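Working notes for the structure below.
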Amino acid sequence: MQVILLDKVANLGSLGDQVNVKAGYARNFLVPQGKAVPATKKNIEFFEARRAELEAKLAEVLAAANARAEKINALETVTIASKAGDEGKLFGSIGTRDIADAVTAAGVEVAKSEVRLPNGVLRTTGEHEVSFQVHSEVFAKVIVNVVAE
Amino acid sequence: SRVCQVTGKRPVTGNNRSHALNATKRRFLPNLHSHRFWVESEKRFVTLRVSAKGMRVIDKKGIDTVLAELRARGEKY
Amino acid sequence: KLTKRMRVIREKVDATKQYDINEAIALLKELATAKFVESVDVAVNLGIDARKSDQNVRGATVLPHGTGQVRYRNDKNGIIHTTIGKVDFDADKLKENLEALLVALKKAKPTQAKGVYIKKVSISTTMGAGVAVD
RNA sequence: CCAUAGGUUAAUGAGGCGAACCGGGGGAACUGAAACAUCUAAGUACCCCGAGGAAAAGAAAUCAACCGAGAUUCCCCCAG
RNA sequence: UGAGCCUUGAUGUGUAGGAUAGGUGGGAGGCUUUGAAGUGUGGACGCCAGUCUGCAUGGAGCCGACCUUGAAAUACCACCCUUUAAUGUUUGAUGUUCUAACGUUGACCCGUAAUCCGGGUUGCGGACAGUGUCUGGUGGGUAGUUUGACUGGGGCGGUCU
RNA sequence: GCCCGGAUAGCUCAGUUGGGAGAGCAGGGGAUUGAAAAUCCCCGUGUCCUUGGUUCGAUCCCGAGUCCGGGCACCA
Ligand SMILES: [Mg+2]
Ligand SMILES: [Mg+2]
Ligand SMILES: [Mg+2]
Ligand SMILES: [Mg+2]
């Protein structure tokens, strides 16, 4: 398939490229969430006419994401309370949901797609480093606390 | 019924010719597959029972044109 | 090991790609670099499987330009190496010199020879690199 | 959230029956071959959907042969 | 990771032979001050005879015509062979991770007075499974049939030109 | 019809991208032991399936043929 990128894709290229992409990749991933559009001549000319204002919105979105990363890094006041047992054993688990609830109560309605965790899900009491991906290049680090209430 | 919703491909009937040319009635079925298509103009996911050819037709024309043809000829999706 | 003479030879000849006779015989004209006159040599990894006994070829050819009667016999690897004159001979006449060699080579095609009869022909002088002929 | 799904009301229309003929979706076997499987019966019987007074088809991406004809349908030859 | 292809290396020990004779064709000029015969130093292979490679100094020397041989020098050049190593390139096998197709006969919410269905949230699985077309094997589960004539009855035997 | 494998000493099997025909078991003789066995020593194998060719030389590298097999193909 010939498709026109709408965004910075990891391996395809930058905003605007006629790349020969596989049909499944374009149909199921690139097109549904706005990242690419088919290489129809109508779309090609329509994209080449208005192209200049796309990088403007892209740059302002990237700047906003960079600002969000600094904001959530500076917040760093995250606490989750759950009834846990002795020996630092957490009965249940603190998940991305609880993390998103705490960062919602702290900052601005942070969703649960950007939040990232290692293979483990912090099943023990302690302070853990939580990863956030506001953008494709944004790497944010958050400190959390858990209470065995 | 095994009917492609885009191309109207229906199961057809033919023969099973053997080496001795014995013929027994058989059926050719369309390669149908339920699929969810991202309809951007209404921000929806429309589910269609479509064959592979019909999916390729949607690929060429665009989902909007195919849905326009559908709701023009009835066959509510 | 490698010397300036050999690196300039491989700089003059890019044998990784094929060449046509019209300019490849001019490549041999410019490869003529020795204190003494050299002799032009041609090697074809010819397609007959001389490893098959009946596919062996024996032939002869009289050349108008001289060196003028030459003989040739295929080896086990299936490669014909022949010299058909000196290097100072003009490129034009050497062209029809190897063309006469080529037609004398085709006239003796064995019926058992299955596959491409002429896999490739390369030309090289006494101290020159192999240039493919097309 | 919007929206959409869904719900209610109003208007319009359809339902079913019917001989044959017609278009389409499926589709045998007995039989013949002096047995039988390719083939035949036969796209016949039968089932189903769809209509109309008719239906279907129809204005060449057709034939022809270097001359030409000029949509479709039906009849007689061609021709067993 | 295999395997194909290109390019660079190493690679060749029977007998006389100087000694670790790859094959063919051309062919004594070529190597060399931009470091030659040498001299100490680490290994690769090995038939334990040896060949090749890195480093140190050297500042022009070195290879052959001959004894032999099926085969000549082993000065050199080109093609290629058996094997092996490296780069590059091509296809192929797995294995791992991911989610977005797809599955969900997991949970929750809604249409809704609903153990259907459909939508939504979510979990799990995940390019697997499953299905469509084609294809090798299997397939009395099912179907259509065949299973000769002569003959002191038929069968058995025998026979058939 | 196609593809592949095998034929080597009495037996069973190695053998190298060609440079001399092997190895076990069998057989014979010898040794040991009172005697025997088991061990130990010595001995002697061959159209290398056949035939032609390559080669300076062929078990090998081919061509052709015989037999033994394995798989596949096969609508006068
Ligand atoms: Mg009959
Ligand atoms: Mg039966
Ligand atoms: Mg019958
Ligand atoms: Mg009878």
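Numbered from 1 within each chain, the chains take letters A, B, ... in sequence-line order. Note: hydrogens, waters and symmetry copies are ignored here, and every other heavy atom, side chains too, is used.
Under the rule of centres below 5.5 angstrom and planes below 30 degrees, the bases of E:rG152 and E:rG153 are not stacked.
Proximity of C:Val40 to C:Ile123: side-chain heavy atoms (C-beta onward) are nowhere separated by under 4.5 Å.
Using the sign of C1'-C2'-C3'-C4' as the criterion, D:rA42 is classed as a south pucker. At F:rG19 the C1'-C2'-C3'-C4' dihedral is negative, so the sugar adopts a south, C2'-endo-type conformation. Here E:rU151 counts as south. Its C1'-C2'-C3'-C4' torsion is negative.
Donor-acceptor pairing under 3.5 Å is lacking for the side chains of B:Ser1 and B:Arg10.
Annotation: D:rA3 and E:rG120 have their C1' atoms spaced 14 Å apart (nearest Å). E:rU84 and E:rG27 have their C1' atoms separated by 31 Å, given to the nearest Å.
E:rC67: no Watson-Crick or G-U partner with both key distances under 3.5 Å is found in any strand. Judged by Watson-Crick or G-U wobble contacts below 3.5 Å, the nucleotide D:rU72 has no partner. Pairing partner, D:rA19: none, since no Watson-Crick or wobble contact has both distances short of 3.5 Å. Across all strands shown, D:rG7 has no partner, as no Watson-Crick or G-U wobble contact with both distances under 3.5 Å is found. Applying the Watson-Crick and G-U wobble criteria (two distances, each under 3.5 Å), E:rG54 pairs with E:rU41. When Watson-Crick and G-U wobble pairs are counted only if both distances are under 3.5 Å, F:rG27 pairs with F:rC43.
Between C:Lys35 and B:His33, the residue anchored nearer the 5' end of RNA chain E, judged by the nucleotide with its closest heavy atom, is C:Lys35. Toward the 5' end of RNA chain E, the nearer of the two residues B:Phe45 and B:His35, judged by each one's closest nucleotide, is B:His35.
Within 4.0 Å (heavy atoms only), B:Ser51 reaches no atom of the nucleic acid at all. Using a 4.0 Å heavy-atom criterion, one finds that A:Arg97 contacts the sugar-phosphate atoms exclusively. Counting non-hydrogen atoms under 4.0 angstrom, A:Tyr25 reaches a base of the nucleic acid. If you check every strand for non-hydrogen atoms under 4.0 Å, C:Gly128 touches sugar and phosphate atoms only. At a threshold of 4.0 angstrom between heavy atoms, the contacts of B:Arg27 are confined to the sugar-phosphate backbone, with no base atom among them.
The bases E:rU51 and E:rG18 are not paired as Watson-Crick or G-U wobble with both atom distances under 3.5 Å. The bases D:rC22 and D:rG50 are paired, Watson-Crick or G-U wobble, with both atom distances under 3.5 Å. If you check E:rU145 against E:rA60, you find neither a Watson-Crick nor a G-U wobble pair with both contacts below 3.5 Å. Between E:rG123 and E:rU104 there is a base pair of the Watson-Crick or G-U wobble kind, both donor-acceptor distances falling below 3.5 Å.
With E:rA78, E:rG119, F:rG63 as the choices, the nucleotide that has an atom nearest any side-chain atom of C:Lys52 turns out to be F:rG63. Comparing D:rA37, E:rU32, D:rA28 by their nearest atom to the side chain of C:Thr3 picks out E:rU32. Here the side chain of B:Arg17 is nearest to one of D:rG27, D:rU38, E:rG30, namely D:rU38. Picking from E:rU122, F:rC75, E:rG26 the nucleotide with the shortest atom distance to the side chain of B:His19 gives F:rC75. Listed nucleotides: E:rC79, E:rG23, E:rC134. Nearest to the side chain of B:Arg26: E:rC134. Here the nucleotide nearest the side chain of B:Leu21, chosen from E:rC79, F:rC75, E:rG26, is F:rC75.
With a glycosidic angle more than 90° from 0, F:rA21 adopts the anti conformation. E:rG103 adopts an anti glycosidic conformation, its chi angle falling more than 90° from 0.
The side chain of B:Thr13 places an N or O atom within less than 4.0 Å of a non-bridging phosphate oxygen (OP1 or OP2) of D:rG26. Regarding contacts with the backbone of E:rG54, a side-chain N or O of C:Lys1 is found under 4.0 angstrom from either OP1 or OP2.
Cluster annotation: A:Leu58 is not connected to A:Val9 through the hydrophobic network of ILVMFWY side chains, with a link wherever side-chain heavy atoms come within less than 4.5 Å.
The pair A:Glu87-A:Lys89 fails the salt-bridge criterion, with no side-chain N (NZ, NE, NH1 or NH2) lying under 4.0 Å from an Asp/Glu carboxylate O.
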